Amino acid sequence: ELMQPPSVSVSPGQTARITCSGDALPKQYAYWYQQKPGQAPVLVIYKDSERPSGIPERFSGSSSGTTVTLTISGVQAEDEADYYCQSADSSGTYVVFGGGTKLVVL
């Protein structure tokens, strides 16, 4: 299980940082996706720091020991969504998730 804050809120154009923590993160890749009702999930970062095509450069990913972090610079209204981190247990046998973080733009 991964620990993630329930919500992060920032005013427009601020940077938001969303961190997940977990014992297995030092040895397991994380994936970050954006969840909105009614549409496919949108992968914003894979393997800790890689960005899929079509994803704005303002989205970036980093990792440090038992944490991984999605940073969103210059937050826009369309960024309002839930962000989930996905990884795997220490053994790499099964998928593990954070509880999701709701990003609000004040």
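Numbering starts at 1 and follows the sequence shown.
Between 32 to 40 and 52 to 60, the higher mean Cα B-factor belongs to 52 to 60.
Mean CA temperature factor is higher for 21 to 29 when stretches 8 to 16 and 21 to 29 are set side by side in the entry. Compared with the other modelled residues of the chain, the Cα B-factor recorded for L103 ranks in the lowest third.
Per the deposited record, the Cα B-factor of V68 falls in the middle third when ranked against the other modelled residues of its chain. The entry lists a Cα temperature factor for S87 that places it in the middle third of the chain's modelled residues.
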